[PDB]
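Enquirer: One file: work-v1.pdb (PDB, C-alpha atoms).
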```
ATOM      1  CA  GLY A 573      10.053   0.266 -12.815
ATOM      2  CA  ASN A 574       9.040  -3.233 -11.739
ATOM      3  CA  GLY A 575       5.908  -1.862 -10.088
ATOM      4  CA  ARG A 576       4.739   1.042 -12.248
ATOM      5  CA  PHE A 577       3.499   0.694 -15.795
ATOM      6  CA  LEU A 578       1.025   3.519 -16.262
ATOM      7  CA  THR A 579       1.227   7.058 -14.908
ATOM      8  CA  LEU A 580      -1.896   9.130 -14.291
ATOM      9  CA  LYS A 581      -0.823  12.637 -13.381
ATOM     10  CA  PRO A 582      -3.402  15.217 -12.204
ATOM     11  CA  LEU A 583      -2.340  18.494 -13.868
ATOM     12  CA  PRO A 584      -1.886  21.909 -12.189
ATOM     13  CA  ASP A 585      -4.656  23.277 -14.404
ATOM     14  CA  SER A 586      -7.038  21.065 -12.439
ATOM     15  CA  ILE A 587      -7.993  21.415  -8.782
ATOM     16  CA  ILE A 588      -5.661  18.418  -8.529
ATOM     17  CA  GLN A 589      -1.912  18.653  -9.196
ATOM     18  CA  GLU A 590      -0.527  15.324  -8.244
ATOM     19  CA  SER A 591       0.896  12.315 -10.000
ATOM     20  CA  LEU A 592      -0.579   8.838  -9.575
ATOM     21  CA  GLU A 593       0.865   5.744 -11.228
ATOM     22  CA  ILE A 594      -0.996   2.506 -11.866
ATOM     23  CA  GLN A 595       1.083  -0.569 -11.179
ATOM     24  CA  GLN A 596       1.451  -3.007 -14.073
ATOM     25  CA  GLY A 597       0.072  -5.433 -11.515
ATOM     26  CA  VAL A 598      -2.809  -3.269 -10.265
ATOM     27  CA  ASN A 599      -5.934  -3.925 -12.313
ATOM     28  CA  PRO A 600      -8.328  -2.246 -12.355
ATOM     29  CA  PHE A 601      -7.300   1.125 -10.953
ATOM     30  CA  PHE A 602     -10.260   2.705  -9.211
ATOM     31  CA  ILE A 603     -10.884   6.443  -9.247
ATOM     32  CA  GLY A 604     -13.308   8.542  -7.255
ATOM     33  CA  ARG A 605     -13.832  10.810  -4.255
ATOM     34  CA  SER A 606     -13.444   7.676  -2.161
ATOM     35  CA  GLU A 607      -9.738   7.117  -1.547
ATOM     36  CA  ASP A 608     -10.672   3.435  -1.786
ATOM     37  CA  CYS A 609     -10.149   4.237  -5.439
ATOM     38  CA  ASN A 610      -6.568   3.158  -6.209
ATOM     39  CA  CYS A 611      -6.403   6.608  -7.787
ATOM     40  CA  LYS A 612      -7.428   9.611  -5.662
ATOM     41  CA  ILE A 613      -9.680  12.423  -6.896
ATOM     42  CA  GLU A 614     -11.488  14.686  -4.464
ATOM     43  CA  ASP A 615     -14.188  16.525  -6.314
ATOM     44  CA  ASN A 616     -17.427  17.320  -4.490
ATOM     45  CA  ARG A 617     -19.119  16.299  -7.768
ATOM     46  CA  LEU A 618     -17.139  13.059  -8.086
ATOM     47  CA  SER A 619     -18.556   9.845  -6.599
ATOM     48  CA  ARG A 620     -17.051   7.056  -4.476
ATOM     49  CA  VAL A 621     -16.187   4.719  -7.350
ATOM     50  CA  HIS A 622     -16.210   7.571  -9.836
ATOM     51  CA  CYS A 623     -14.356   5.547 -12.456
ATOM     52  CA  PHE A 624     -11.628   2.970 -12.860
ATOM     53  CA  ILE A 625      -9.057   1.992 -15.415
ATOM     54  CA  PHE A 626      -9.180  -1.704 -16.135
ATOM     55  CA  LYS A 627      -6.691  -3.852 -18.005
ATOM     56  CA  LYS A 628      -7.569  -6.644 -20.429
ATOM     57  CA  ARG A 629      -5.750  -9.088 -22.696
ATOM     58  CA  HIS A 630      -5.803  -7.696 -26.237
ATOM     59  CA  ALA A 631      -6.898 -10.331 -28.747
ATOM     60  CA  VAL A 632      -5.699 -10.451 -32.352
ATOM     61  CA  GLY A 633      -7.511 -11.655 -35.450
ATOM     62  CA  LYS A 634      -5.173 -14.573 -36.117
ATOM     63  CA  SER A 635      -2.158 -14.289 -38.420
ATOM     64  CA  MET A 636      -0.954 -16.580 -41.208
ATOM     65  CA  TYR A 637       2.450 -14.894 -41.296
ATOM     66  CA  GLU A 638       4.779 -12.700 -39.239
ATOM     67  CA  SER A 639       3.000  -9.612 -37.974
ATOM     68  CA  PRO A 640       2.875  -7.602 -34.707
ATOM     69  CA  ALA A 641      -0.156  -7.112 -32.455
ATOM     70  CA  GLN A 642      -0.211 -10.682 -31.118
ATOM     71  CA  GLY A 643      -1.888 -11.212 -27.753
ATOM     72  CA  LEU A 644      -0.998  -9.054 -24.801
ATOM     73  CA  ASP A 645      -2.630  -6.625 -22.346
ATOM     74  CA  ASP A 646      -4.467  -3.339 -22.919
ATOM     75  CA  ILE A 647      -5.673  -0.690 -20.455
ATOM     76  CA  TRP A 648      -9.307   0.351 -20.672
ATOM     77  CA  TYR A 649     -10.733   3.357 -18.834
ATOM     78  CA  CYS A 650     -14.004   2.367 -17.175
ATOM     79  CA  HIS A 651     -16.239   5.245 -16.089
ATOM     80  CA  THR A 652     -18.551   4.416 -13.168
ATOM     81  CA  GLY A 653     -19.565   7.912 -12.154
ATOM     82  CA  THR A 654     -22.830   9.673 -12.929
ATOM     83  CA  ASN A 655     -20.974  12.948 -13.522
ATOM     84  CA  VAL A 656     -19.629  11.386 -16.743
ATOM     85  CA  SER A 657     -16.025  11.760 -17.903
ATOM     86  CA  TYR A 658     -14.330  13.207 -20.985
ATOM     87  CA  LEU A 659     -11.505  11.395 -22.778
ATOM     88  CA  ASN A 660      -9.886  13.465 -25.530
ATOM     89  CA  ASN A 661     -13.091  13.696 -27.568
ATOM     90  CA  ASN A 662     -15.141  10.684 -26.448
ATOM     91  CA  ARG A 663     -17.969  10.758 -23.902
ATOM     92  CA  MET A 664     -18.341   7.913 -21.405
ATOM     93  CA  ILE A 665     -21.334   7.466 -19.116
ATOM     94  CA  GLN A 666     -21.274   5.548 -15.837
ATOM     95  CA  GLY A 667     -21.100   1.982 -17.103
ATOM     96  CA  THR A 668     -18.814   2.395 -20.079
ATOM     97  CA  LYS A 669     -15.333   1.245 -21.030
ATOM     98  CA  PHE A 670     -12.730   3.080 -23.096
ATOM     99  CA  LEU A 671      -9.333   2.432 -24.685
ATOM    100  CA  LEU A 672      -6.499   4.365 -23.034
ATOM    101  CA  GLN A 673      -3.695   5.451 -25.360
ATOM    102  CA  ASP A 674      -0.202   6.422 -24.207
ATOM    103  CA  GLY A 675      -0.402  10.063 -23.195
ATOM    104  CA  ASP A 676      -4.171  10.159 -22.852
ATOM    105  CA  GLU A 677      -5.540  13.088 -20.877
ATOM    106  CA  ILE A 678      -8.882  12.130 -19.346
ATOM    107  CA  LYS A 679     -11.247  14.595 -17.697
ATOM    108  CA  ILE A 680     -13.442  13.196 -14.939
ATOM    109  CA  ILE A 681     -15.350  16.386 -14.158
ATOM    110  CA  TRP A 682     -15.738  19.731 -15.923
ATOM    111  CA  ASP A 683     -17.907  22.601 -14.671
ATOM    112  CA  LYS A 684     -17.936  25.929 -16.514
ATOM    113  CA  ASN A 685     -19.957  27.765 -13.854
ATOM    114  CA  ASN A 686     -17.643  26.573 -11.076
ATOM    115  CA  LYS A 687     -14.547  26.968 -13.273
ATOM    116  CA  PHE A 688     -13.211  23.755 -11.717
ATOM    117  CA  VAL A 689     -11.826  21.214 -14.177
ATOM    118  CA  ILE A 690     -10.162  17.863 -13.501
ATOM    119  CA  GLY A 691      -8.001  15.982 -15.981
ATOM    120  CA  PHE A 692      -5.269  13.358 -15.715
ATOM    121  CA  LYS A 693      -2.568  12.590 -18.262
ATOM    122  CA  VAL A 694      -1.858   8.891 -18.733
ATOM    123  CA  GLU A 695       1.852   8.291 -19.272
ATOM    124  CA  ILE A 696       3.103   4.722 -19.632
ATOM    125  CA  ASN A 697       6.736   4.409 -18.599
ATOM    126  CA  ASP A 698       6.877   0.630 -18.422
ATOM    127  CA  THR A 699       5.265  -1.789 -20.807
ATOM    128  CA  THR A 700       4.452  -4.955 -18.928
ATOM    129  CA  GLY A 701       4.445  -7.055 -22.077
ATOM    130  CA  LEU A 702       1.909  -4.717 -23.648
ATOM    131  CA  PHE A 703       1.033  -5.288 -27.308
ATOM    132  CA  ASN A 704       1.968  -1.622 -27.624
ATOM    133  CA  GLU A 705       1.287   0.038 -24.268
ATOM    134  CA  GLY A 706      -2.307   1.138 -24.723
ATOM    135  CA  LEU A 707      -2.197   3.489 -27.717
ATOM    136  CA  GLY A 708      -3.236   0.645 -29.985
ATOM    137  CA  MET A 709      -1.690  -0.050 -33.380
ATOM    138  CA  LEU A 710      -2.814   0.972 -36.870
ATOM    139  CA  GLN A 711      -6.030   2.962 -37.366
ATOM    140  CA  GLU A 712      -6.685   4.426 -33.916
ATOM    141  CA  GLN A 713     -10.114   3.390 -32.656
ATOM    142  CA  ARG A 714     -11.318   5.681 -29.900
ATOM    143  CA  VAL A 715     -14.923   4.628 -29.355
ATOM    144  CA  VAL A 716     -16.739   4.274 -26.047
ATOM    145  CA  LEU A 717     -18.056   0.796 -25.230
ATOM    146  CA  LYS A 718     -20.409  -0.506 -22.535
ATOM    147  CA  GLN A 719     -19.356  -2.461 -19.445
ATOM    148  CA  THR A 720     -20.597  -5.892 -18.362
ATOM    149  CA  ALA A 721     -20.984  -7.919 -15.167
ATOM    150  CA  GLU A 722     -17.220  -8.443 -15.309
ATOM    151  CA  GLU A 723     -16.541  -4.720 -14.939
ATOM    152  CA  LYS A 724     -19.271  -4.180 -12.344
ATOM    153  CA  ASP A 725     -17.712  -7.018 -10.344
ATOM    154  CA  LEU A 726     -14.337  -5.253 -10.250
ATOM    155  CA  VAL A 727     -15.826  -2.227  -8.497
ATOM    156  CA  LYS A 728     -17.388  -4.656  -6.019
ATOM    157  CA  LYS A 729     -13.906  -5.311  -4.616
ATOM    158  CA  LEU A 730     -13.417  -1.997  -2.809
TER     159      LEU A 730
ATOM    160  CA  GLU B 826     -26.670  10.778  -4.390
ATOM    161  CA  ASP B 827     -26.988   9.759  -8.040
ATOM    162  CA  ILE B 828     -29.040  12.826  -8.975
ATOM    163  CA  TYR B 829     -26.195  14.782 -10.571
ATOM    164  CA  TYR B 830     -26.403  16.575 -13.919
ATOM    165  CA  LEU B 831     -23.982  18.559 -16.085
ATOM    166  CA  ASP B 832     -24.512  20.860 -19.067
TER     167      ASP B 832
END
```
What would you get if you wrote out this structure as structure tokens?
Expert:
Amino acid sequence: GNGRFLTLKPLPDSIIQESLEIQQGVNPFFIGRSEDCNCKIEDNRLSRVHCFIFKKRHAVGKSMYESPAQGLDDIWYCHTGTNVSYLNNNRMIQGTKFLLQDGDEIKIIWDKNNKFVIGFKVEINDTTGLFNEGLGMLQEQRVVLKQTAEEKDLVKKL
Amino acid sequence: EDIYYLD
């Protein structure tokens, strides 16, 4: 497991039923109808750079003792699609970032009328020196944040 | 085609 850290597995319940794994070294992982997206999702509704999972160095609030957390890396899910995505219970519009916890099932597209639903389960097998792995530590904070020029630049690579 | 919309 010197190449895979995170595992995004499209479930059978979704039009997709494959397993994609982000490499501890691949950051950010791009998702969208365009295979250019490190992750592959073919949904007529999905866009080229539908969304991407980006990794960042988790910063701690100092420590005048011996406590965990420290400074390591965290994986953020960055939605770039107009069709919006659903993560557990948090909405993310094209241009948002989100914390990805170990075993996080994210839905990129859900249509009731079409009965077609897409969702991937994030499973981290390897922890490339991750403060935890991505599920955070103490008081889970699952709130959607906005992206900046840094994020927009990442999608400008493919 | 950024004219999509979901319920």
Enquirer: For chain B against chain A, with a cut-off of 7 Å and counting only C-alpha atoms, what is the closest atom pair and its distance in Å to one decimal for every residue that makes the cut, ordered by chain and number, as JSON lines?
Expert:
```
{"residue": "B:827", "atom": "CA", "partner": "A:654", "partner_atom": "CA", "distance": 6.4}
{"residue": "B:829", "atom": "CA", "partner": "A:655", "partner_atom": "CA", "distance": 6.3}
{"residue": "B:830", "atom": "CA", "partner": "A:655", "partner_atom": "CA", "distance": 6.5}
{"residue": "B:831", "atom": "CA", "partner": "A:655", "partner_atom": "CA", "distance": 6.9}
```
Enquirer: Which neighbours of stretch 666-679 of chain A fall inside 10 Å, counting only C-alpha atoms, when residues of the same chain fewer than 5 positions from it are skipped, and could you give them as a compact mmCIF listing (two decimals) with C-alpha atoms, in the frame of the given file?
Expert:
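Writing the result to out_2.txt gives the following:
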```
# COMPACT_ATOMS: atom_id res chain seq x y z
CA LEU A 578 1.02 3.52 -16.26
CA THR A 579 1.23 7.06 -14.91
CA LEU A 580 -1.90 9.13 -14.29
CA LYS A 581 -0.82 12.64 -13.38
CA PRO A 582 -3.40 15.22 -12.20
CA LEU A 583 -2.34 18.49 -13.87
CA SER A 586 -7.04 21.06 -12.44
CA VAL A 621 -16.19 4.72 -7.35
CA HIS A 622 -16.21 7.57 -9.84
CA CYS A 623 -14.36 5.55 -12.46
CA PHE A 624 -11.63 2.97 -12.86
CA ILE A 625 -9.06 1.99 -15.42
CA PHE A 626 -9.18 -1.70 -16.14
CA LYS A 627 -6.69 -3.85 -18.00
CA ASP A 646 -4.47 -3.34 -22.92
CA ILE A 647 -5.67 -0.69 -20.45
CA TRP A 648 -9.31 0.35 -20.67
CA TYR A 649 -10.73 3.36 -18.83
CA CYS A 650 -14.00 2.37 -17.18
CA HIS A 651 -16.24 5.24 -16.09
CA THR A 652 -18.55 4.42 -13.17
CA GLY A 653 -19.57 7.91 -12.15
CA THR A 654 -22.83 9.67 -12.93
CA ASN A 655 -20.97 12.95 -13.52
CA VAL A 656 -19.63 11.39 -16.74
CA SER A 657 -16.02 11.76 -17.90
CA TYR A 658 -14.33 13.21 -20.98
CA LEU A 659 -11.50 11.40 -22.78
CA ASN A 660 -9.89 13.46 -25.53
CA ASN A 661 -13.09 13.70 -27.57
CA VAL A 689 -11.83 21.21 -14.18
CA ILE A 690 -10.16 17.86 -13.50
CA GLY A 691 -8.00 15.98 -15.98
CA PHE A 692 -5.27 13.36 -15.72
CA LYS A 693 -2.57 12.59 -18.26
CA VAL A 694 -1.86 8.89 -18.73
CA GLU A 695 1.85 8.29 -19.27
CA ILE A 696 3.10 4.72 -19.63
CA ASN A 697 6.74 4.41 -18.60
CA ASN A 704 1.97 -1.62 -27.62
CA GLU A 705 1.29 0.04 -24.27
CA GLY A 706 -2.31 1.14 -24.72
CA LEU A 707 -2.20 3.49 -27.72
CA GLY A 708 -3.24 0.64 -29.98
CA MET A 709 -1.69 -0.05 -33.38
CA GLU A 712 -6.68 4.43 -33.92
CA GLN A 713 -10.11 3.39 -32.66
CA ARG A 714 -11.32 5.68 -29.90
CA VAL A 715 -14.92 4.63 -29.36
CA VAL A 716 -16.74 4.27 -26.05
CA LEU A 717 -18.06 0.80 -25.23
CA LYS A 718 -20.41 -0.51 -22.54
CA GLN A 719 -19.36 -2.46 -19.44
CA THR A 720 -20.60 -5.89 -18.36
CA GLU A 723 -16.54 -4.72 -14.94
CA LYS A 724 -19.27 -4.18 -12.34
```
Enquirer: One decimal, in Å: what's the spacing between atom CA of residue A:606 and atom CA of residue A:686?
Expert: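 Rounded to one decimal, the two atoms are 21.3 Å apart.
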Enquirer: Edge lengths and centre in Å to one decimal, as AutoDock Vina command-line options, of the axis-aligned box that encloses all listed atoms of stretch 591-595 of chain A with 6 Å added on every side?
Expert:
```
--center_x 0.0 --center_y 5.9 --center_z -10.7 --size_x 14.1 --size_y 24.9 --size_z 14.3
```
Enquirer: Please reconstruct the missing atoms of stretch 590-624 of chain A (target: N, CA and C atoms) and return them as a compact mmCIF listing (two decimals), in the frame of the given file.
Expert:
```txt
# COMPACT_ATOMS: atom_id res chain seq x y z
N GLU A 590 -1.28 16.43 -8.77
CA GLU A 590 -0.53 15.32 -8.24
C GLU A 590 -0.20 14.36 -9.35
N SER A 591 0.55 13.34 -9.03
CA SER A 591 0.90 12.32 -10.00
C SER A 591 0.66 10.92 -9.42
N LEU A 592 -0.26 10.19 -10.02
CA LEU A 592 -0.58 8.84 -9.57
C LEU A 592 -0.17 7.85 -10.65
N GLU A 593 0.42 6.73 -10.26
CA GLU A 593 0.86 5.74 -11.23
C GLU A 593 0.26 4.37 -10.97
N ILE A 594 -0.41 3.82 -11.98
CA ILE A 594 -1.00 2.51 -11.87
C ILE A 594 0.10 1.47 -11.99
N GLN A 595 0.07 0.46 -11.13
CA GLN A 595 1.08 -0.57 -11.18
C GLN A 595 0.72 -1.60 -12.24
N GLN A 596 1.70 -2.01 -13.03
CA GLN A 596 1.45 -3.01 -14.07
C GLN A 596 0.66 -4.18 -13.49
N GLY A 597 0.77 -4.36 -12.18
CA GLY A 597 0.07 -5.43 -11.52
C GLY A 597 -1.29 -5.02 -10.97
N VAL A 598 -1.52 -3.71 -10.79
CA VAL A 598 -2.81 -3.27 -10.26
C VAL A 598 -3.83 -3.10 -11.38
N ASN A 599 -4.85 -3.95 -11.35
CA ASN A 599 -5.93 -3.92 -12.31
C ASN A 599 -7.24 -4.36 -11.65
N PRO A 600 -8.31 -3.55 -11.71
CA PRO A 600 -8.33 -2.25 -12.36
C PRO A 600 -8.01 -1.14 -11.36
N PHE A 601 -7.60 0.02 -11.84
CA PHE A 601 -7.30 1.12 -10.95
C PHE A 601 -8.57 1.92 -10.77
N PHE A 602 -9.02 2.02 -9.52
CA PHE A 602 -10.26 2.70 -9.21
C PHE A 602 -10.04 4.17 -8.90
N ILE A 603 -10.94 5.00 -9.43
CA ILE A 603 -10.88 6.44 -9.25
C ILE A 603 -12.21 6.98 -8.73
N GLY A 604 -12.13 7.93 -7.82
CA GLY A 604 -13.31 8.54 -7.26
C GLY A 604 -13.03 9.25 -5.95
N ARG A 605 -13.98 10.06 -5.50
CA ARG A 605 -13.83 10.81 -4.26
C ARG A 605 -13.38 9.90 -3.12
N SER A 606 -13.82 8.64 -3.17
CA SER A 606 -13.44 7.68 -2.16
C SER A 606 -12.01 7.23 -2.39
N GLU A 607 -11.14 7.50 -1.42
CA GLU A 607 -9.74 7.12 -1.55
C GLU A 607 -9.62 5.62 -1.82
N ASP A 608 -10.68 4.87 -1.51
CA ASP A 608 -10.67 3.44 -1.79
C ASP A 608 -10.23 3.22 -3.23
N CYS A 609 -10.53 4.23 -4.05
CA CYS A 609 -10.15 4.24 -5.44
C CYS A 609 -8.63 4.29 -5.55
N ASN A 610 -8.02 3.22 -6.07
CA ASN A 610 -6.57 3.16 -6.21
C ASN A 610 -6.00 4.53 -6.57
N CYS A 611 -6.76 5.25 -7.39
CA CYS A 611 -6.40 6.61 -7.79
C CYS A 611 -7.24 7.56 -6.94
N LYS A 612 -6.68 8.69 -6.53
CA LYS A 612 -7.43 9.61 -5.66
C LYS A 612 -7.81 10.92 -6.34
N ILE A 613 -9.12 11.20 -6.32
CA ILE A 613 -9.68 12.42 -6.90
C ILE A 613 -10.75 12.97 -5.98
N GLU A 614 -10.50 14.11 -5.34
CA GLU A 614 -11.49 14.69 -4.46
C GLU A 614 -12.17 15.86 -5.14
N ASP A 615 -13.33 15.56 -5.66
CA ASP A 615 -14.19 16.52 -6.31
C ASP A 615 -15.61 16.37 -5.80
N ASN A 616 -16.07 17.35 -5.05
CA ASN A 616 -17.43 17.32 -4.49
C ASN A 616 -18.43 16.66 -5.45
N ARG A 617 -18.23 16.87 -6.75
CA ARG A 617 -19.12 16.30 -7.77
C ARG A 617 -18.83 14.82 -8.00
N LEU A 618 -17.56 14.44 -7.89
CA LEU A 618 -17.14 13.06 -8.09
C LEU A 618 -17.85 12.12 -7.10
N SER A 619 -17.91 10.84 -7.45
CA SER A 619 -18.56 9.85 -6.60
C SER A 619 -17.52 8.90 -5.99
N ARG A 620 -17.96 8.00 -5.11
CA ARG A 620 -17.05 7.06 -4.48
C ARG A 620 -16.23 6.34 -5.54
N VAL A 621 -16.87 5.43 -6.27
CA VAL A 621 -16.19 4.72 -7.35
C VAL A 621 -16.47 5.44 -8.66
N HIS A 622 -16.02 6.69 -8.70
CA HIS A 622 -16.21 7.57 -9.84
C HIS A 622 -15.90 6.90 -11.17
N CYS A 623 -14.77 6.22 -11.24
CA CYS A 623 -14.36 5.55 -12.46
C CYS A 623 -13.12 4.73 -12.17
N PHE A 624 -12.80 3.80 -13.04
CA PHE A 624 -11.63 2.97 -12.86
C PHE A 624 -11.03 2.60 -14.19
```
